[PDB]
Structure formats: structure tokens, C-alpha cells
């Protein structure tokens, strides 16, 4: 029998398994449906992040940024045969595939060289409070390969893309298939306002063949809901400046195939659009339907997530749940932190719970976003006096590069009673790297005075965070006003 069985060899499942086995000598089993990236199941050993998430996403955005580099280099005297330029999508994917497969292999080797840490290929599910069955397929009636006896069971199966119930949805893809398109689409429509749709819009915009067009549609008025609103409006503009068509207050109603294999999209508003690819990126839902949670009584939240307490425990004793399946912060480092904290509490004498506040995240759009803490309108409903410090500027190089539209935005939100910084929001190149150390600042409850009394590093964009001393406006009892009464 195993001290612990983990269903899902992803960001959270692997941290919890490795720690419990190497730090505490416990006997661990880990189940995943594949050993290497790709169809049919896309995610595999490593998790969504390694196989069809952060890692290949970052590589493909890097590749897409070269479209700007090539164009901007002329402002600094560089020339080359523009007509010979080709963005070879098939080589990008091949390089991504080999980079991901290398990670797949190293995790494979990890299991083969760690005693007390074993991997089982198959589909895991709950047969009882103490048994995880491994079948050949997600079908509960498929052949059994294993029945793992477990003193503790960890649910860490991640999440799965959400798809709307419209006629012709089968002709639409999600981010999973976008990583494996054999050719770069000339015309693509990304559906959604979230970070996945924006990031892939930039990727497709760079590698599209001549005559191409990337359209992004969103059912409400402003994309990237949940991010700072100044950044939301500015990123919309800068995407438009780089050729992406942003189509707000629109939503697909049906999709049919044209005689050439392209898709005819009809929107609820009657508008129509023909594209080669339609990528649904309207949300990620917890991946629970294959686990047979009813066999055991694991309760879910109203919106489909596995309900846990601040220590990641389900209502069933000795059954825990971490990561995206809990439907809180769908971030890789969070799932790692929840995995490590769980094992410390269960297999050690050090109870530890992960802080889900003041977590720094990023969006690798072109231009990128970096954020940590509360946006202002949320803070306005939680604090009596709120100050907003805002600063927009054109970085030095973009006065020469030919990309004047690349304005950098820095915003700081404080509790104005004592100047405690509640949120920092950045837009512009470098923002993802700038914001990491800002997260450390907010654990230490840094005040605005701690930022503008720190001496800047010149010339940097991050310098701006230490150059703001006077609020641009306030919120008192939830009311926006420039000057205080």
C-alpha cells in the first residue's frame, strides 16, 4: 500500500509527490494519462504547464516578439531583405515539441531513479475512500490496469478548456489543439477576453501567412476582465496598433464548414466571419468528471470545483485536492505551493497553509502585463480611503523604434489611511520580470513611502514605481474623486 496516491502528474501533483518521497521517505504513486506531450490527451507527465501551458506558451510568444524586433531594428540602422522574411511556424512547433519532450523525459528519469516514487500510466478514479483504480481510458467501463491502495489520496487533475454549447462547436479548437496546428492559420478568431485568448492572438498575429488577419471577440465591452482597467483599455489599443482586430460585444452562435474546409462563423448579432481556425478560450473548468467522485461523496463548490478548507482537505478524511481542480487561482506556482504545504502538514510536524493573497502573476501578451494585489475597484469596496497612483510614459527606445504606441503603464493602489500598498499593476515590456520582487515587497507590507524613498535604477521602466509620490485620484466609501474632501 501507498502512503499517498496522486491522480495527476502536474505542477501540484509532482511537487507533493517528490517532497513526500524524498523529504519523508514515504511510498508514493502518481498517475497520468500520458508520458509525453501531445494529442490525444495533450496534457501529460509534467502537467498542463509543461505540455500545453506556460512553457510552450512562453517559447511561442518569444518567437512572436521577433516580428516586432525585426521591424523595430530599422529605427537603429539595421537593414535586411524584408521580402525574404518568412515566419516558419512548422519550425517553431518542432523546436517547442523537442523542448517539451526533453522535460517529459527528465520527469520519466526522475521516477526511475527515486525509491518510493512510482508512476502509473492510465486514468485514475475513486473506487472508495482508500482505493484509486487505474483504467485504460476515461470510460469507467474500460479495462482495469491497477487498483492502488492509499492511506491518503490527492486530487490534482487540473482543469480543462470550456466550450460553449453552440451548433458546430466540434469545428472549433481550444488552446490544446492550437499547440499542434500543422500550418499557421491565415485567418483566426480567438473567442474570449482572458489571458489565453490574448496571448494566442499575439502568437497567431506574428506567424500568420501573407494576407492574414487575427480577430479577437469578447461577449462584453472590455477584454481582460479582472485586470486593472487602465491596463485593459491600453492593451486593447496596443493590440489594435499591431494589426489584431478586437471585436467586443460579439459572440459566436453557429459554425459551419465552407467547401474549402474553412469555417463560417455566425455571431448572435447576425454578423458573419470566415476564418481558418476558431479557438475557443472562454474559460478553464475544474477537471472532475472522470474521477467518479460520487463513489465517495467528495463535495464540489457551486461552480464545479472540489471544495477544500485552507489546508486543502475535502469533506472526506484523508482525501485532499490542490491546484486548478479547486477553481481558485489557476497558477502553476500556487499549485506547487499548495502541494508542498499539504505534504508538510500531513507527513511532517509543520502545519502550513498557502497564502492566496498578494500573488504576483503575469500575462505574456505583446505588450506584457504584470500584476500583484488588488485592483482599485475591489479595494474601494474593502477600504474606506483608497489612493491610486498612476503613471504612463513612452520608454526611451520607442521614441526611435517606430512603435510609439508602446506606452508603459504603472499603477499603485494603497490603503490611504496608512499608505499600505494593496496592488501594483504594470503594462509594458519587462513587467512580468519587474513584478516578482514586488510580490516580496507586499509580503513585507510595504508602504508607498517605501517605494518612492527607494533610489531608482536608471534608465529602466521599473524606475517608474519609485517615482510616484502624489495620488492621481482617490476612492472614499467606494466613490471615485480626484481630490479628497
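Numbering follows the first chain given and starts at 1. For clarity, a rigid core is taken as the largest C-alpha set superposing within 1.5 Å between two forms.
Colleague: Which of 388-396 and 228-236 lies farther, on average, from the shown form in 9 other deposited structures of this protein once the rigid core is superposed (C-alpha RMS)?
Modeller: With the rigid core fitted, 388-396 is the stretch that strays more in 9 other deposited structures of this protein.
Colleague: Using RMS Cα distance over all structures and residues, flag whichever of 67-75 and 254-262 lies farther from this form in 9 other deposited structures of this protein after a core fit.
Modeller: Looking at 254-262 and 67-75 in 9 other deposited structures of this protein, the bigger mover is 254-262.
Colleague: Going by the average Cα B-factor in the PDB entry, point out whether 274-282 or 347-355 comes out higher.
Modeller: Per the PDB record, 347-355.
Colleague: With reference to the PDB entry, specify whether the mean Cα temperature factor is higher for 372-380 or for 400-408.
Modeller: Between 372-380 and 400-408, it is 372-380.
Colleague: Highest Cα B-factor in the deposition, which of 300, 188, 223, 360?
Modeller: So the option with the highest C-alpha B-factor is 300.
Colleague: Taking the Cα B-factors listed in the entry, which of 208, 135, 96, 263 comes out highest?
Modeller: By C-alpha B-factor in the record, 135 ranks first.
Colleague: Would you please rank residue 55 by its C-alpha temperature factor against the other modelled residues of its chain and give the third it falls in: lowest, middle or highest?
Modeller: As the PDB entry reports it, the C-alpha B-factor of residue 55 lands in the lowest third of its chain.
Colleague: Which third of the chain does residue 460 land in by C-alpha B-factor: lowest, middle or highest?
Modeller: Tercile = lowest for this residue's CA B-factor.
Colleague: Would the CA B-factor of residue 267 place it in the lowest, middle or highest third of its chain?
Modeller: Its C-alpha B-factor belongs to the middle third of this chain's values.
Colleague: Should residue 447 be placed in the lowest, middle or highest third of its chain by the C-alpha B factor in the entry?
Modeller: Middle third, going by the recorded CA B-factors of the chain.
Colleague: Sorting by Cα B-factor within the chain, modelled residues only, which third would residue 234 end up in: lowest, middle or highest?
Modeller: Lowest third of the chain for residue 234's C-alpha B-factor.
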